[PDB]
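Student: enclosed are the sequence and the experimentally obtained structure.
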There are 6 protein chains.
Amino acid sequence: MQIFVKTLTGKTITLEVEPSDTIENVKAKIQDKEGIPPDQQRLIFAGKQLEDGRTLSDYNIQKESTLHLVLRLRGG
Amino acid sequence: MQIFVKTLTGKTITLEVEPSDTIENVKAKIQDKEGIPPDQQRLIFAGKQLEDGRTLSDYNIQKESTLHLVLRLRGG
Amino acid sequence: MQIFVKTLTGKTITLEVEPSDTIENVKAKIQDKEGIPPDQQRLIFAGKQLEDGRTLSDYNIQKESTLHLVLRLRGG
Amino acid sequence: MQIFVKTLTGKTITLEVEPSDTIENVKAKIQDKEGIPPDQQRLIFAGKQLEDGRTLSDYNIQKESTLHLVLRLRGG
Amino acid sequence: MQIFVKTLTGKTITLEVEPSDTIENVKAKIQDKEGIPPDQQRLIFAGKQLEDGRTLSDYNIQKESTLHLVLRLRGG
Amino acid sequence: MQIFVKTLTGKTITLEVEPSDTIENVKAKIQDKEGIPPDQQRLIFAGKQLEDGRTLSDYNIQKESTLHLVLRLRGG
């Protein structure tokens, strides 16, 4: 299914995910598409910081949902 | 000379640079310190988007100058 | 009641609506106020893409809620 | 506990709060740290405008949540 | 010549233009292709908000240049 | 001379100023009207972030010019 991922300045991309993906899986998909390492990524939905081991379904994130990506800004 | 690079989450770093340094050299220092791939960094100074292939002197970047660093999240 | 509509740049407007208004109603108000064709509008609340046939009530959108507008650069 | 407060431009700060803090108390903490008068503050969580007399725990706002701040201005 | 008009949703609009074309001419093409009235478009090049009656050559917009297009709703 | 100061919420502030007025003078006038401290104000004109100690004339700001005012929270 399609979701959207938005940065702090409003830049928005699409991403293909499944409801059973863990948040860590989603970050890996973001790495495939954009080259951002998963340990540099923080994901947010509806104000809530998302935890790596939980799934999209766990959070009730459905198709065409928008997640927010913020960088963690850690050493290379 | 020392310059400042700021982010929207409030992490500021200093870099030690020369006027002859290229923008791509600055971006490499930023990936080393903050983990952002260079192709995903956008730097703004004096209203301009700083481009690889130019030097700091081309934008009149000087000691104490402050650059604004944001995530590009390029493509769609 | 008043609601707020936020765009990707952060520019925000206010609309006067009713809880029983449909998502398509709201897109028609945006067209009336600003000239944006409804078929070019995606509306989002709390991360969820909102469906045309449903109402603000269905989504628990109360007074002084903030919705997001993103353009569908072509979307029929 | 820590929360994030994001502005219209994307600029984000962290704030130390407690679950039992009222929304008014949180606006006052923002005033202490940033000088913005509480009267000039709207706070939003998952699209909902937060009401001064209720607590963060009433809204189920947990650690590492992101709130949005928008200024209430006059304009003449 | 071609210029590239980029959007916050990552859609790049390629336009066939002449240096003698005005910003109004560019906005008119965007209205026809994407449905956004010119009054609700803002175009950025070199940090400047581009004025309707000025030409591409006046802004030193050359072949293969990139412009940033954002939705600009108007009003409170 | 009159200048106009626009905000992302659509509240436009009209100021009576002189070309020799410094940006810090202007920001104090905005604080008088709206309550936002100067360190929390950024003004954009011609793509530049206007510097406190410089004059309106330094940036070629003249009668009926429009400035963009945005909230700038400080720190991490």
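Tutor: That came in fine, so what should we check first? Residues are numbered from 1 along each chain as shown, chains lettered A, B, ... in the order given.
Student: separation between the closest residue to chain C within chain A and residue B:50?
Tutor: Going by C-beta to the nearest C-beta, chain C is nearest to residue A:10 of chain A, at 3.5 Å. From N, CA and C alone the C-beta is placed, and that goes for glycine too. Separation of residue A:10 from residue B:50 (C-beta to C-beta, to the nearest Å): 20 Å.
Student: look at the two and report which has more neighbours.
Tutor: residue B:50 (23 against 19; other C-beta atoms under 10 Å in any protein chain shown).
Student: dihedrals phi and psi, residue A:53?
Tutor: Backbone torsions of residue A:53, given as degrees, to the nearest 10, read phi -80, psi -10.
Student: which residue ranges form the strands in chain A?
Tutor: A:2-6, A:12-16, A:41-45, A:48-49, A:66-71 (DSSP state E).
Student: residue A:3 - how many residues pack around it?
Tutor: 23.
Student: what's the answer for residue A:75, then?
Tutor: 9.
Student: kindly report the same for residue A:32.
Tutor: When neighbours are counted by other C-beta under 10 Å, residue A:32 registers 10.
Student: ok, back up a step: for chain D, find the nearest of the strands of chain A.
Tutor: That would be, of those and by C-beta to the nearest C-beta, strand A:48-49, which comes in at 4.0 Å.
Student: which one in chain A is furthest away from the centre?
Tutor: residue A:75 (20.5 Å; C-alpha atoms, centre = their mean).
Student: against chain F, how distant is the closest residue to that residue other than its chain neighbours?
Tutor: Nearest residue to residue A:75, sequence neighbours excluded (C-beta to C-beta, 6 or more residues apart in numbering or on different chains): residue B:35, at 6.4 Å. Going from residue B:35 to chain F by C-beta to the nearest C-beta, to the nearest Å gives 17 Å.
Student: can you count the residues close to residue B:35?
Tutor: Using other C-beta under 10 Å: residue B:35 sits among 18 other residues.
Student: quick check: it touching residue A:35?
Tutor: No. Using C-beta atoms under 8 Å, residue B:35 is not in contact with residue A:35, being 11.3 Å away.
Student: what sits against the most centrally placed residue in chain A?
Tutor: Centroid check for chain A by C-alpha atoms, centre = their mean gives residue A:43 as the closest residue, at 4.8 Å. Residues in contact with residue A:43 (C-beta atoms under 8 Å, 6 or more residues apart in numbering or on different chains) are A:23, A:26-27, A:49-50, A:67-69.
Student: if you set the cut-off to 6 Å instead, what comes out?
Tutor: The contact partners of residue A:43, taken as C-beta atoms under 6 Å, 6 or more residues apart in numbering or on different chains, are A:23, A:50, A:67.
Student: and what of residue A:17?
Tutor: So residue A:17 contacts A:3, A:26 (C-beta under 6 Å, 6+ apart).
Student: if I look at it, how far off is chain E?
Tutor: 17 Å.
Student: ok, now residue A:55?
Tutor: From residue A:55 across to chain E, the span is 26 Å (C-beta to the nearest C-beta).
Student: look up how far residue A:27 lies from that residue.
Tutor: Applying C-beta to C-beta, the value for residue A:55 to residue A:27 is 13 Å.
Student: so which bits of chain A are right by chain B?
Tutor: Contacts of chain A with chain B, taken as C-beta under 6 Å from any C-beta of the partner chain, map to A:7-9, A:11, A:13, A:35, A:40, A:71, A:73-74, A:76.
Student: you'd agree residue A:5 is up against residue A:13?
Tutor: Yes. Assessed by C-beta atoms under 6 Å, residue A:5 is found in contact with residue A:13 at 5.4 Å.
Student: show me which of those two is the more surrounded one.
Tutor: The neighbour count for residue A:5 versus residue A:13, taken as other C-beta under 10 Å, is higher for residue A:5 (23 against 19).
Student: please list all residues in contact with that one.
Tutor: Residue A:5 touches A:13, A:15, A:67, A:69, counting by C-beta under 6 Å, 6+ apart.
Student: just the buried ones from the residues of chain A next to chain B?
Tutor: With burial judged by 16 or more other C-beta atoms under 10 Å in any protein chain shown, the buried subset of the residues of chain A next to chain B is A:7-9, A:11, A:13, A:40, A:71, A:73.
Student: include distance to residue D:19 when you put those into JSON lines, please.
Tutor: Formatted as JSON lines, those follow (distance: C-beta to C-beta, whole Å):
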{"residue": "A:7", "distance to residue D:19": "29"}
{"residue": "A:8", "distance to residue D:19": "26"}
{"residue": "A:9", "distance to residue D:19": "31"}
{"residue": "A:11", "distance to residue D:19": "33"}
{"residue": "A:13", "distance to residue D:19": "34"}
{"residue": "A:40", "distance to residue D:19": "30"}
{"residue": "A:71", "distance to residue D:19": "28"}
{"residue": "A:73", "distance to residue D:19": "28"}
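Student: can you measure across stretch A:68-76, start residue to end residue?
Tutor: One end of stretch A:68-76 sits 22 Å from the other (C-alpha to C-alpha, to the nearest Å).
Student: give me the contacts around that stretch.
Tutor: With C-beta under 6 Å, 6+ apart, stretch A:68-76 has contacts from A:5-7, A:40, A:42, A:44, B:11, B:31-32, B:34-35, B:71.
Student: go with 8 Å
Tutor: If you take C-beta under 8 Å, 6+ apart as the criterion, stretch A:68-76 is touched by A:5-8, A:30, A:36, A:39-45, B:7, B:9, B:11, B:31-36, B:71, B:73, D:12, D:66.
Student: got the residues of chain A near chain E?
Tutor: Applying C-beta under 8 Å from any C-beta of the partner chain, we find that chain A lies next to chain E at A:9-13.
Student: run the chain-centre distance for stretch A:31-41.
Tutor: Offset of stretch A:31-41 from its chain centre (C-alpha atoms, centre = their mean, to the nearest Å): 10 Å.
Student: residues in contact with it?
Tutor: A:13, A:15, A:24, A:27-28, A:30, A:69, A:71-74, B:35-37, B:39-40, B:73-75.
Student: show me the contacts for the nearest residue to residue A:6 once chain neighbours are set aside.
Tutor: Leaving aside its chain neighbours, residue A:6 sits nearest to residue A:12 (4.6 Å; criterion: C-beta to C-beta, 6+ apart). Applying C-beta under 8 Å, 6+ apart to residue A:12 gives the contacts A:4-6, A:66, B:73, C:8, C:70, E:8-10.
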